[PDB]
Amino acid sequence: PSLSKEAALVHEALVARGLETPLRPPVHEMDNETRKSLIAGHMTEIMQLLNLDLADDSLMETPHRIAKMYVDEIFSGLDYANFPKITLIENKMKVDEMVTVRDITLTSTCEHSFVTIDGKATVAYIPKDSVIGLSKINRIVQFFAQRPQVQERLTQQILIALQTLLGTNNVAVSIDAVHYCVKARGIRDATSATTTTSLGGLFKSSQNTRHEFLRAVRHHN
Amino acid sequence: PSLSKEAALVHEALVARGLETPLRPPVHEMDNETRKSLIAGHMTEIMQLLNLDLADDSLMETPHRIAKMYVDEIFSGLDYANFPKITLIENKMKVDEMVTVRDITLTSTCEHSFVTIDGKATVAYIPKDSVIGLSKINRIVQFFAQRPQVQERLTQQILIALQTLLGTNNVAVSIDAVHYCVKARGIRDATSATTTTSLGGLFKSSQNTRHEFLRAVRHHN
Amino acid sequence: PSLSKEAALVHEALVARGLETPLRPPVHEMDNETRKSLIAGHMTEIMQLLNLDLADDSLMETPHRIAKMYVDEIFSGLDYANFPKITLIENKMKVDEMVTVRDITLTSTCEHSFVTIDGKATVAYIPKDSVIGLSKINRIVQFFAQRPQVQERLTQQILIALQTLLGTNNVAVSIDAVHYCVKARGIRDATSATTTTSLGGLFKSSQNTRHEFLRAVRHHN
Amino acid sequence: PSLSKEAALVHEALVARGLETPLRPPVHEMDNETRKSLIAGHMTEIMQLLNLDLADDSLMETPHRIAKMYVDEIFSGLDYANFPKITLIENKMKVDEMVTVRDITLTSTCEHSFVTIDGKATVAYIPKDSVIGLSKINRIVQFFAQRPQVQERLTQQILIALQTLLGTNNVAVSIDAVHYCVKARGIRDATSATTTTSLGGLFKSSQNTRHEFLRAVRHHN
Amino acid sequence: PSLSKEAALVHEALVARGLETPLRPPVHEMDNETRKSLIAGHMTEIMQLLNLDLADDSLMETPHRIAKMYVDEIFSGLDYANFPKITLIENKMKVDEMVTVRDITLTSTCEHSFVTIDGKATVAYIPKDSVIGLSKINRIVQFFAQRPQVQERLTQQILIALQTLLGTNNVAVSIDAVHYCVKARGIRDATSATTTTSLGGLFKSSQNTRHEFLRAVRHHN
Ligand SMILES: Nc1nc2c(ncn2[C@@H]2O[C@H](COP(=O)(O)OP(=O)(O)OP(=O)(O)O)[C@@H](O)[C@H]2O)c(=O)[nH]1
Ligand SMILES: Nc1nc2c(ncn2[C@@H]2O[C@H](COP(=O)(O)OP(=O)(O)OP(=O)(O)O)[C@@H](O)[C@H]2O)c(=O)[nH]1
Ligand SMILES: Nc1nc2c(ncn2[C@@H]2O[C@H](COP(=O)(O)OP(=O)(O)OP(=O)(O)O)[C@@H](O)[C@H]2O)c(=O)[nH]1
Ligand SMILES: Nc1nc2c(ncn2[C@@H]2O[C@H](COP(=O)(O)OP(=O)(O)OP(=O)(O)O)[C@@H](O)[C@H]2O)c(=O)[nH]1
Ligand SMILES: Nc1nc2c(ncn2[C@@H]2O[C@H](COP(=O)(O)OP(=O)(O)OP(=O)(O)O)[C@@H](O)[C@H]2O)c(=O)[nH]1
């Protein structure tokens with residue numbers, strides 16, 4: 001057992017564009033359970049440097065939980081084994097029409113401060129020879145989202161990934177997000193949100209389809 | 001007593017495009033109440049395999065209800081005898097005007113998992129030689145919706161159906177829908193929805209009428 | 001005492017287009033109070049054929065009310081004597097700019113089943129040599145609405161009526177409506193509404209003024 | 001002491017287009033308090049002819065109030081001495097940007113029935129050689145509004161006045177209003193509102209700037 | 001130590017366009033704390049001339065607070081030492097697509113009357129060779145907001161500043177604001193709001209990108 005076919009095509013398409021998240025070569029595969037205990041040991045050190053009482057039955061289990069978050073939960077997208085099982089249906093229908101999946105739940109983490117990014121993604125495409133399974137779009141968005149991210153990079157990764165799998169450039173990706181390092185810290189902007197949009201094919205070059213997406217982006221319920 | 005003229009034209013039109021829902025030869029005719037008792041019998045087996053007590057006063061009538069649902073209710077659009085009796089008014093008013101029927105109640109079932117699809121349809125057309133009865137648009141939408149469906153196929157079926165009966169390519173169909181196999185299971189995206197839009201004639205080729213529909217797409221109340 | 005000047009120009013402009021609601025020649029003039037008693041008598045028979053107790057102090061006055069409604073109230077627009085007294089001010093200001101009267105209360109009745117149509121109208125025009133009085137637009141919409149109507153014909157009757165009175169083709173009429181024969185009966189579509197738009201002049205031919213109206217159509221409060 | 005420079009340019013610009021009363025030779029006449037006493041006297045007569053008890057301590061002061069209203073309050077826009085003191089800042093910013101002042105409180109009276117007009121104005125312009133003081137746009141709208149008005153004329157007066165003061169044709173004025181002579185009387189349309197828009201310069205001729213304004217027109221809060 | 005590189009490049013770019021004051025001080029080295037006591041002394045005199053009792057435990061500390069506000073807080077943007085530490089990420093991604101930061105908290109002051117301006121800023125740009133850090137856009141808007149401003153000037157100061165740092169003309173700035181010198185005094189317009197928009201590069205010249213921003217401007221939550 002290794003990786004997957006669709007995971008490989010996406011990975012190589014992204015490396016070819018320099019869109020991979022800053023990752024150094026694996027070298028050796030240390031035990032997953034050892035990684036957690038070492039990170040937990042390092043977080044125990046951090047908390048003691050901040051004058052926190054680890055003798056308390058609540059702050060005691062915290063280093064274990066931060067470690068379990070880093071390795072098995074929030075950064076699961078760095079491992080291509082967690083890549084969704086892509087299912088493409090043959091365009092028997094000759095669908096020359098558009099599909100838009102709006103308000104996709106996007107949960108990420110800013111690579112600059114390891115703080116939460118709450119977002120919504122809108123993906124639209126025009127089927128060429130294949131129609132992707134609906135949930136797979138939500139799963140691709142979430143795969144790249146669960147990584148230490150940069151919103152502009154993230155938007156591109158999702159675009160190129162969908163472009164590769166569908167064999168069409170006619171894909172559009174928009175991510176409307178709130179970065180908590182902007183909101184709950186620093187400038188403390190309680191009302192601002194960032195939208196980063198990547199247009200491809202007809203959504204870019206042709207004037208027509210460019211305005212067909214951009215207007216239908218930003219929806220509430 | 002057999003079928004209907006309008007139902008025949010639509011059927012032939014969809015078959016010619018490869019849009020007729022995956023159906024195998026119906027060579028024989030087994031009694032309607034026999035198919036319900038057999039499906040009920042098969043559902044009684046499924047429930048026993050799930051460790052559910054069928055001796056309970058409410059779980060007891062469940063296999064008969066799922067049987068009655070599949071045969072007489074939710075999949076009624078598989079039978080062209082249930083096709084709406086279309087009324088066409090002759091356009092002696094000669095109007096080159098646009099009619100849009102939005103927020104059409106659409107109740108379907110995903111063919112991939114037999115789970116609920118809650119949706120809303122938007123149909124727009126420019127009358128040529130005939131004006132269709134308003135309710136028949138709502139009924140056509142629902143006829144094709146009461147089938148094990150794929151959202152992209154459903155949209156095209158309603159388009160081609162309305163294009164055939166009205167004798168114009170000038171028809172636009174958009175379906176906004178929530179798939180419960182996406183929302184209440186799997187990826188569990190509580191916020192996402194999918195819009196599939198089929199543009200034909202002036203709504204497709206001509207630049208003007210394309211943005212006339214797409215802007216008036218998705219309205220709330 | 002006969003009819004009106006403005007009523008005549010409109011009537012003949014609509015007859016020349018085949019837009020006047022399908023009516024047969026009146027031949028003789030039958031007493032208005034006799035037509036009520038006749039209709040009331042026919043409704044008393046309909047109610048009897050439905051097992052209703054006419055000896056009841058409430059259902060007793062119902063035939064009289066439905067008679068009063070059909071002759072003096074809801075169908076008053078079939079009588080051109082009820083046509084609004086139109087007043088036009090000369091364009092001394094040389095106004096080559098637009099006027100839009102949105103959310104006009106439209107109360108009609110479907111010709112198909114004599115059931116209530118609840119609508120809202122949006123009328124826009126560009127004054128040429130005359131500016132029409134504001135309430136006269138509301139009254140024109142209501143004159144043609146108080147008739148057994150078809151939404152597509154209703155929209156056109158308002159359009160041509162306004163076009164004739166203003167001496168310009170630069171008029172746009174849009175009616176957004178809920179038909180209770182679609183909502184509270186048959187298909188029972190609780191959420192759907194129908195929008196019928198008739199564009200004229202620059203709102204039709206010219207690309208610019210076309211999307212000036214259509215965008216500012218469908219407003220809530 | 002007489003008038004003002006800014007009041008004079010606007011006055012003649014409007015007279016030149018038939019939007020204002022031409023300046024006639026300086027007469028002289030009544031004392032402002034004699035005008036009120038005479039109007040109050042005529043209102044006392046009107047109320048007597050309507051069988052109202054003027055001996056009651058409430059309806060007693062009504063003729064005096066309607067008199068004060070007509071002379072000093074609601075029609076103060078008829079006297080150019082009440083014209084706002086306009087301040088123009090030299091554009092050595094040299095900016096080719098656009099300024100939009102929306103939802104400007106507009107309180108008028110229809111000249112047809114002396115009944116209240118509740119409106120909201122939206123003004124946009126592109127600075128050429130000068131930038132007008134913000135509040136002055138609101139004050140100009142209110143100057144022309146406090147008069148017996150016609151919505152279409154009111155829109156043109158504000159347009160030309162702003163065009164003259166700014167030395168640019170690049171101004172757009174839009175008034176969204178509810179006439180109470182349409183709402184609380186006659187047709188009794190409780191839902192309608194009228195929008196009258198005047199476009200000049202690039203907001204008219206150029207297709208680009210035309211849709212820049214008209215889209216950002218009609219905002220709530 | 002004294003200033004910043006990115007601060008100097010922006011200052012220079014603004015002086016070159018007449019949007020800033022030529023940096024000429026050090027003044028006669030007035031101690032930060034003596035400027036406060038002198039301003040507090042001048043405000044004590046103003047309050048005395050308005051006949052307010054300074055012996056009251058509440059009004060006593062007011063001159064000190066207004067001084068502290070003027071010197072250390074609300075006018076902090078007049079000193080380029082307070083300019084944010086800009087971070088530019090190299091465009092490794094070759095991203096030819098857009099970033100929009102909407103609903104930016106903007107807190108300013110009427111240069112005309114020293115009164116509060118409550119605003120929201122919307123900044124958009126297409127990254128050329130650099131991607132600026134998200135919070136920096138918020139921080140730049142607030143730097144220029146924290147000084148006695150003129151909204152049309154503020155909008156441009158932000159545009160040019162971002163155009164300079166990013167090395168692109170493709171930047172769009174829109175400020176939506178409520179001036180309390182218009183709302184709570186004078187004309188007393190409780191509902192008006194002023195939007196000032198500055199479009200550069202593709203957002204101005206090219207017709208596509210101009211309508212991509214202006215449509216996505218003015219968002220609530
Ligand atoms: N373009 C972009 N910038 C990001 C993203 N995430 C974080 N940033 C920005 O990168 C910058 C980090 O700059 P630094 O100078 O280290 O300062 P900081 O303390 O992190 O940020 P502030 O204190 O908030 O100004 C900030 O402007 C963050 O807002 C992201 O996805 N895209
Ligand atoms: N294009 C399209 N895909 C659909 C439609 N209905 C269901 N699907 C997708 O078809 C896929 C089924 O792929 P499978 O690999 O069998 O996975 P699954 O367990 O059924 O679905 P998920 O767990 O939700 O990914 C999913 O991506 C569904 O969301 C539909 O109308 N159109
Ligand atoms: N185009 C149009 N159709 C209308 C209008 N009013 C009613 N109709 C349609 O005319 C049709 C009546 O066709 P029938 O075959 O008599 O059916 P019905 O039982 O009266 O109506 P349903 O039960 O709702 O299908 C329906 O499709 C109505 O919705 C109207 O103003 N315009
Ligand atoms: N175009 C325009 N029409 C206006 C304006 N103010 C009033 N009117 C219209 O002028 C007309 C008055 O016409 P009349 O024949 O005297 O009727 P009325 O009894 O005064 O008014 P209604 O009963 O409401 O028709 C109406 O249509 C009003 O709505 C205005 O500012 N612009
Ligand atoms: N264009 C612009 N005008 C501004 C700005 N700030 C204040 N103003 C305007 O400059 C004018 C000040 O004119 P003045 O004649 O001194 O009157 P004022 O008493 O300050 O203001 P008002 O009583 O509100 O008319 C007003 O119209 C203000 O609204 C601003 O940022 N931009």
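When reading the values below, keep in mind they use all heavy atoms of this one structure, side chains included, and skip hydrogens, waters and symmetry mates. Labels below follow one simple rule: chain letters A, B, ... track the order of the sequence lines, proteins then strands, and each chain is numbered from 1.
In this structure, NE2 on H219(D) lies 13.5 Å from OG1 on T191(E), to the nearest 0.5 angstrom. In this structure, CD in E97(D) is found 8.5 Å from CD1 in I175(E), a value given to the nearest 0.5 Å. Taking NZ of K183(E) as the start and CG of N138(D) as the end, the distance is 13.0 Å to the nearest 0.5 Å. Expressed to the nearest 0.5 Å, how far OG of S205(E) lies from CG of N208(D) amounts to 10.5 Å. Distance CG/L134(D) to NE2/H179(E): 5.0 Å, rounded to 0.5 Å.
Heavy-atom neighbours of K68(D) NZ from other residues, nucleotides or ligands within 6.0 Å: at or below the threshold of 12. Summarising the local packing, NZ of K92(D) is surrounded by 12 or fewer heavy atoms from other residues, nucleotides or ligands at distances under 6.0 Å. More than 12 heavy atoms of other residues, nucleotides or ligands lie within 6.0 Å of CZ in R218(D), so this atom counts as buried by the packing criterion.
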Applying side-chain contact (heavy atoms from CB on, under 4.5 Å), run through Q207(E) and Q207(D) and close with a yes or a no.
CA-CA 10 Å; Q207(E) 233 54 272; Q207(D) 230 76 285; over 6 Å; no
Kindly determine whether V95(D) and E152(E) satisfy side-chain contact (heavy atoms from CB on, under 4.5 Å), including the steps that lead there.
CA-CA 8 Å; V95(D) 204; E152(E) 289 84 357; over 6 Å; no
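For the options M93(D), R139(D), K94(D), heavy-atom pairs under 4.5 Å to chain E are most numerous at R139(D). Ranked by heavy-atom pairs under 4.5 Å with chain E, the first of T87(D), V101(D), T122(D) is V101(D). With respect to chain D, the highest number of heavy-atom pairs below 4.5 Å among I187(E), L199(E), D176(E) belongs to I187(E). Interface check for chain D: of the options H220(E), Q151(E), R17(E), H211(E), the most heavy-atom pairs under 4.5 Å are formed by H211(E).
If you measure heavy-atom distances from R188(E) to chain D, you find no contacts under 4.5 Å at all. Proximity to chain E (any heavy atom under 4.5 Å) is restricted, for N221(D), to the backbone atoms N, CA, C and O. Neither the backbone nor the side chain of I137(D) comes within less than 4.5 Å of any heavy atom of chain E. Heavy atoms closer than 4.5 Å to chain E are found in the side chain of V131(D), but not in its backbone. Using a 4.5 Å cut-off between heavy atoms, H112(E) contacts chain D through its side chain alone, with no backbone atom that close. Neither the backbone nor the side chain of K136(D) comes within contact range of chain E, judged by heavy atoms closer than 4.5 Å. Residue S174(E): no heavy atom, backbone or side chain, is found under 4.5 Å from chain D. For a residue to count as touching a neighbouring chain, one of its non-hydrogen atoms must lie under 4.5 Å from one of that chain's; by this rule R210(E) touches chain D with the side chain only. Using a 4.5 Å cut-off between heavy atoms, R102(D) contacts chain E through both its backbone and its side chain.
Here the side chain of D189(E) pairs no donor or acceptor atom with the backbone of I104(D) at under 3.5 angstrom.
Under the 4.5 Å side-chain criterion, counting only non-hydrogen atoms from C-beta, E212(D) is not in contact with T197(E).
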